[PDB]
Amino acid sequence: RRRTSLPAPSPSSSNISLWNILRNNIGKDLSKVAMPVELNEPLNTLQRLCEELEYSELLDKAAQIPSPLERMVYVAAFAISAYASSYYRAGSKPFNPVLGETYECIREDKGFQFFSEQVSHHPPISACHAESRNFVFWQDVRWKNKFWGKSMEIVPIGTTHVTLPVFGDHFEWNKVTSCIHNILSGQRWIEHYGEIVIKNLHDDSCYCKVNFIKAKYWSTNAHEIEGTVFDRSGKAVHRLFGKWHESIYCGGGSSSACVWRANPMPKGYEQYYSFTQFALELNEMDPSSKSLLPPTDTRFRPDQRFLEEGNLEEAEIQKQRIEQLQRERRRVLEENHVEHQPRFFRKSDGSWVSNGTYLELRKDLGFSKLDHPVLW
């Protein structure tokens, strides 16, 4: 049904430019350092946000569990699951979405409706919302990435929210710190360290803490997680252990059970940017839905598509042209002293949340009646 391959394979490696680019900007803000298209992968930060739903069935399961603590356990696993994918794409760069660029994924498969918009470019900020009968997932993310002499630090900012449709739950949790070791080189690998605190704003009963342990590459502790579900009193009720890229278990003492396991990677995934089966389907465009998409949707972005098709020269041409276009548009917008307003997200306190207009206007080819910004 869905594609399980790409028109052209990913290149051996073309990270020669990365050496000088990163050594010349130690300590500087990388979102301001333009980089060749050859370093990118066919997905952008909006689609990367969509991948956090690969294991969305965890929420489907928590949607019918009446105990709040078990619901907490499964949602914690879901929060950790958002990291599995990064293990194989150890060092990989997503496309930087254009201001106003949008991305959608209608999956009748997992019963969810996902959409997102790049609400800001200076600094880059991605916002997303996914709706389902069994949950509502939404978040706002921005970065503070920097390259120090031999390693890259990815610092995400913005919390993630999930709501369940029959219990009234509102889960809110923070992103953790990531490090890419040996980017310039050796064995390039990604590490995730820090503490995730998951709170249920609606249910006082419990809270959860998941620690992502940092260690030496060859250690039996690398990729480990130590989590606990605490009652209001502050007493440990359920332990969580395992490795964020293989399996997650609950229990710890008397008993134990595996609550989550990474999906097997496609046979020969190494030849396709080490994408997961899920990631392979995000940029595919299906003849019927093409008419329902808005022209700002990423599958339309020409440089990214040429990249999938293995056309490096024409991909680079399109990228620089899109950059010049974006600059001239922010130019015209600021010569009139008018701030930019995104189309599907309004700014509540500091976050970017859905303004309830995407799906509604998508109804019955409704996008065809209006007209959108031309980003390419």
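Throughout, we count residues from 1 along the sequence that is shown.
Peer 1: Can you let me know which of the two, 294-302 or 189-197, has the higher average C-alpha B-factor in the entry?
Peer 2: Averaged over C-alpha atoms, the B-factors run higher in 294-302.
Peer 1: Given the B-factors recorded for C-alpha atoms, which segment has the greater mean, 340-348 or 44-52?
Peer 2: Comparing 44-52 with 340-348, the higher mean C-alpha B-factor belongs to 340-348.
Peer 1: Choose from 153, 226, 246, 109 the residue with the greatest Cα B-factor as stated in the PDB record.
Peer 2: Of the options given, 109 has the highest CA B-factor in the PDB entry.
Peer 1: From 263, 145, 256, 288, which pick has the Cα B-factor that tops the rest in the entry?
Peer 2: Each of 263, 145, 256, 288 was compared by C-alpha B-factor; the highest is 288.
Peer 1: Place residue 31 in the lowest, middle or highest third of its chain's C-alpha B-factors, as listed in the PDB entry.
Peer 2: Answer is lowest: the recorded C-alpha B-factor places it there.
Peer 1: Within this chain's modelled residues, let me know which third the CA B factor of residue 239 belongs to: lowest, middle or highest.
Peer 2: Bottom third by C-alpha B-factor.
Peer 1: Place residue 307 in the lowest, middle or highest third of its chain's C-alpha B-factors, as listed in the PDB entry.
Peer 2: According to the entry, residue 307 has a C-alpha B-factor in the chain's middle third.
Peer 1: Taking the entry's C-alpha B-factors for this chain, is residue 317 in the lowest, middle or highest third?
Peer 2: Middle third by C-alpha B-factor.
Peer 1: Going by the CA temperature factor in the PDB record, which third of the chain does residue 10 belong to: lowest, middle or highest?
Peer 2: It belongs to the highest third of the chain when residues are ordered by C-alpha B-factor.
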